[PDB]
Structures are given as structure tokens and as C-alpha cells.
Amino acid sequence: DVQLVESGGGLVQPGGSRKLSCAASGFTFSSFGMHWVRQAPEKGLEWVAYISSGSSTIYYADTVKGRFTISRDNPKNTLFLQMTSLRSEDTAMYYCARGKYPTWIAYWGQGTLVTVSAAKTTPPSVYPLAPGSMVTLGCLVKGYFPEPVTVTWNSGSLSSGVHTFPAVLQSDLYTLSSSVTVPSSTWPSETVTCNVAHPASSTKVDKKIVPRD
Amino acid sequence: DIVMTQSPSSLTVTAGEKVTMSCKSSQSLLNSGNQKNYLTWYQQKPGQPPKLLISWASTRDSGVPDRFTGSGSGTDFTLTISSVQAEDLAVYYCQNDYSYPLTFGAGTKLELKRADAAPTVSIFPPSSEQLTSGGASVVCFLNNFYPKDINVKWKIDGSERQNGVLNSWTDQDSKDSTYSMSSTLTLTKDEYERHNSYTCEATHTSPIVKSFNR
Amino acid sequence: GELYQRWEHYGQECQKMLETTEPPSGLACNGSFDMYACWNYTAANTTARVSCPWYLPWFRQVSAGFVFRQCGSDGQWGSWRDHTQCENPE
Ligand code: NA
């Protein structure tokens, strides 16, 4: 199958630079033109750039021409986007995309999030949410910047019955909670751990939920 | 540049019914040479990248079922979904595929009408870790309810607390079309220790009440 | 005036189709627009066909015809062509 895996997102200061990469597999990469498309948070889709299979023709959107350079390394099956002179309005989830005749844009990658802000990276503090006197447990991921974080339970094995709530912004810091619902027979007889990742700070936390309060 | 205008901005429908949304371009997307309209539809699930639905106005991509129908020509285009399922919850974009720059509409968000459901509510005291560092967040989960409109009230020793509460609603669920929300009452460790009973109650039917002491 | 602009679009359509497709498995001739017809990726040692280009002023009366070209066994196109089915039927 076709899959595009973007990489290189994170925090950039206004006016700085950042290079995104897109690893492609499942097709003859050297035969396809490639796009970059971005999506501001809670907003719509904006096409950014296109590069033909041989890098011979290239199109840029007006809001980007002069600052961004699209390029590719066909032997390494990789699409690149070199961004410069970034500003707040460049904050978006950035997608790479491949075409499929008759359309220019058919397959999308998972995306990588780029935050342009003068605020500083801070890792999250992860707190367990054990109840007092099906059981629901939680993890509080408080005071991090920027987005995103990744929350899993027991490393993915606990998949259904999970609610990870959108983060709220306060004092230049994000905070989210994540709930999981399990049968009373498993907890606390077996282990329930939430795994919180914050790539912008290279933080990875495993917090085990211990019962009392 | 071709401007793409989609309407309605969003709508809600119950499962089994059929929906129609419109997409209009400021310039014709019809190539009279090959008689094809360069209009493509995408479906973006919550928290997912967009998915190709229909290309050249009416051609379904392989794997897309028949209940997704695209039509129109020139500047007026329409997407129609019959037998709407729970999983159809998404934002539906149309895109100018005729000439560069490629431009998208603002999208049509498809939401679902569901049977009313009461929330499953759980309350959690602050953790000892956070207490030791000076903070005290009390978390209250309201999971799998409908409709989205819901009220949370915090009570400290029987007195309503409104200072320091932050609420966050999830997107609609793609399977059962319910909503969930988390309510977090954050206090200093100092003020938290000055009281005993903490209560969050949900109202949408009498209030559903969860509490703890200490 | 309109003929040439339609011919431009046909050439643009050919580039797009090549940039949004890949050749079939194995040795194959590379896709190419030769200013007359859009030649698709074609398996080696075959004679390719594509519809008479829709930019011809008489396309309606030749729409079911084809222009032919040989894809050599070496993955290289031939220089000969049969476009008799695309001739203006006066
Ligand atoms: Na190609």
C-alpha cells in the first residue's frame, strides 16, 4: 500500500527555519510528482508546493514563494520542504501528498505539526488519576508546549475505551487529560500504565496508576 | 486564483438519512476539450488526514462505496451521501484540480443526530505528586453522552465553585456518535487542603452526582 | 486561437497523467508527449495505441480511432507511427 510518513515538525521561532521530510513507500517514488499541503489548526486545507517526479517543474503558492523550497531525493524515496522566514501564520499541520490520475492529490501522509512561536519548549508533568472510594482511570498531562503529545495506555494494548481530550491553552502551556475504562478484575491486579510522549522535548513518560487515592 | 465556496458550513443528520452539500467555483472547472470537470472531493475524519473520495466530479476512487455520489459541472457541484453511517462523521472538502494554485473549499462538517444518552461520570482527587509541587487539579470525566450540550457544576463543601475550571469536549465518536468531556478544577495545594468534600455534577432528568472527601 | 489553446491543454494533460501514474511492471517505454499524441507507459515489445487526440478540430468523427506506435523490445520508442485512423474525414 501507499504510505507517506512526514517528519521534522516542532517549535520554530518567528523568522527561523525548519526542514520537513516525507518518507514514501509502496510505489515507484521516482515516477510521481509530490505535493506539500498544510492545515492551520481548526481551519481548512491550503496547498503549498508541488515538485515533478524529476524535479524539472515546480509550483509554489503565493503565500510561500520566496521563503519555502521544495526538493526531493528519489533514491532515498524522500520529499523535502525547506521553510524559512517563518511567521505565526505558518503554524499548521503539514501534509505531503501523492497524485493518482486523474487527480493531482490523492494519498496523504499522517502529517507533522509545525508551531511558529516565541514561547519556549516545556515538557509535560504527567500525573496519575486514581479514583477514591468498570473502573475508569486517567492521566493528567499538564503544562507542556508545544503540541503535540502522544498518549497510549499499556503501550497500545489498551486501545478501546480510551478518551484523550483536546488540550486547552493557558499561560503559554497546554494541558490535556486521558481516560481509560477497564474491568474491575484487571485493576489493580494487573498493570495499567499511560505512556506520554512529547517529541519537542524528547520526553517519554510511563506513569503507573496506583490505587489508593 | 479560483475560489471554492462550500455550503452549508456544517449540518447534522441521523443515521440512515441522506445528505447533500454544495461546492461552487469562482471559475469554470470544465475542460471542454475532454469534457471533464476538474473537481475532487475529500473526506477528513476527526484526527485523520484527508481521504480521496471522488475525482473528476463524479468518479469514485477504488474502495469508496456507491452511497457517495458526486455530480455537477462548470461551477456548480454537489456531493450526496445516502444511508449515512456513524463513520461518515467528517469534514468534506472539495478542491479545484483544474489549474494552479490548487485551492480547497472551507469544507462541510457532517455531524450525526443520535439517541439521547446519559454520561458516565468519574471524579478523581489530585495526585500526591502534584500536591507535593504545590498544585491541585481535580478531574471529572463525562464520557459517552448525547447531545453535546451539557453542563458541569463543581461544589466544594456544598458550595458551587466556578473559579479555575477548564472544560474540553472531544469530537463526536465515529462508532456510537456520542460526545465526551473532561472538566478540571485546578486549585493551589493550599486552598485544596482547606476543604473536604469535592463534587462535580452533570445536568442535561436529575443531576448525576459524583463526589469524594479529603 | 482556440485550437492551439486546446492543443496546449492536451500536452498539459499528458504531463499530468505521467506525473500521477507509474509504468507497468518490467521493461517499458517511457511516457512522452511528441507534440502530436500522448504516449503512455507501454510494456516492451508491444505496439501502443492511444485515442486520437481530443484537440483535433475533427475529433468528433475520429473519436473511436487510435494512433499507433511501436515500443521496442529494448524499452525504446520507435520513430514510425500510424495515425491514419485520426485523419480529417473531409
Ligand atoms: Na510517472
Side-chain angles (χ1 to χ4, degrees), chain A residues 9-11 41 113 115 117-132 136-156 158 162-180 187-188 191-213, chain B residues 122-141 152 154 156 161 163-170 180-195 198 200 212 214:
Chain A
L11 215 202
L113 189 57
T115 298
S117 168
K120 172 57 174 44
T121 301
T122 108
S125 301
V126 183
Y127 303 116
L129 301 180
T136 295
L137 304 140
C139 266
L140 184 65
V141 183
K142 182 175 171 60
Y144 66 95
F145 191 86
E147 292 265 46
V149 293
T150 289
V151 186
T152 61
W153 290 91
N154 278 358
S155 316
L158 290 172
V162 175
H163 289 286
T164 297
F165 303 85
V168 305
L169 186 64
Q170 265 218 2
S171 302
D172 292 298
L173 296 178
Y174 290 97
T175 293
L176 66 71
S177 46
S178 178
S179 68
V180 66
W187 189 81
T191 189
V192 178
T193 305
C194 78
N195 324 274
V196 183
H198 190 233
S201 64
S202 312
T203 311
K204 175 218 170 190
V205 177
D206 303 313
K207 204 97 199 212
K208 344 284 189 275
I209 313 298
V210 283
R212 91 200 291 279
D213 258 35
Chain B
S122 315
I123 192 174
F124 299 91
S127 63
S128 48
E129 293 92 311
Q130 186 191 22
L131 257 10
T132 313
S133 299
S137 296
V138 195
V139 179
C140 182
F141 291 134
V152 174
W154 286 93
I156 299 183
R161 176 78 183 207
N163 183 26
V165 52
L166 289 179
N167 296 332
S168 175
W169 278 260
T170 60
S180 293
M181 74 144 297
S182 71
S183 192
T184 304
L185 169 62
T186 298
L187 304 160
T188 65
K189 177 222 60 186
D190 291 332
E191 174 151 42
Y192 170 71
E193 299 293 330
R194 281 190 276 269
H195 302 277
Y198 289 82
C200 63
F212 71 90
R214 281 75 175 245

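Throughout, protein chains are lettered first and strands after them, A, B, ... in sequence-line order, and every chain is numbered starting at 1.
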Is a side-chain N or O of [X] found less than 3.5 angstrom from the main chain of [Y], in a donor-acceptor match?
X      : Y      : result
A:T122 : A:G143 : yes
A:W187 : A:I209 : yes
A:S178 : A:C139 : no
B:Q130 : B:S137 : yes
B:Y198 : B:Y192 : yes

- Message: Counting neighbours of CD on B:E129 that are heavy atoms of other residues, nucleotides or ligands and sit closer than 6.0 Å, is the number greater than 12?
- Response: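 More than 12 within 6.0 Å, yes.
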- Item | Neighbour count >12 (heavy atoms, 6.0 Å) for atom CG, A:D213 |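 Result for CG/A:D213: enclosed.
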Point-to-point distance, once rounded to the nearest 0.5 Å, from [atom1] of [X] to [atom2] of [Y]:
X      : Y      : atom1 : atom2 : result
A:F165 : A:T175 : CZ    : OG1   : 14.0 Å
B:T170 : B:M181 : OG1   : CE    : 9.5 Å
A:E147 : A:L11  : CD    : CG    : 11.5 Å
B:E191 : B:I156 : CD    : CD1   : 6.0 Å
A:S171 : A:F145 : OG    : CZ    : 12.0 Å
B:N163 : B:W154 : CG    : CH2   : 13.5 Å

- Could you go through the side chain to side chain contact (heavy atoms under 4.5 Å, CB included) check for B:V152 and B:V165 one step at a time? CA-CA 10 Å; B:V152 174; B:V165 52; 5.6 Å; no
- Query: Are any of the side-chain nitrogens in A:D206 or A:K204 under 4.0 Å away from the carboxylate oxygens of its partner?
  - Reply: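 Yes, this pair counts.
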- How about A:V151 and A:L176: do any of their side-chain heavy atoms sit closer than 4.5 Å? yes
- Name of the residue among B:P126, B:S127, B:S122 meeting side chain to side chain contact (heavy atoms under 4.5 Å, CB included) with B:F124: B:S122
Between [X] and [Y], what is the shortest heavy-atom contact and its length?
X      : Y      : value
A:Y144 : A:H198 : CD1-NE2, 3.8 Å
A:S155 : A:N195 : N-ND2, 2.8 Å
A:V196 : A:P124 : CG1-CG, 4.4 Å
B:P125 : A:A130 : CD-O, 3.4 Å

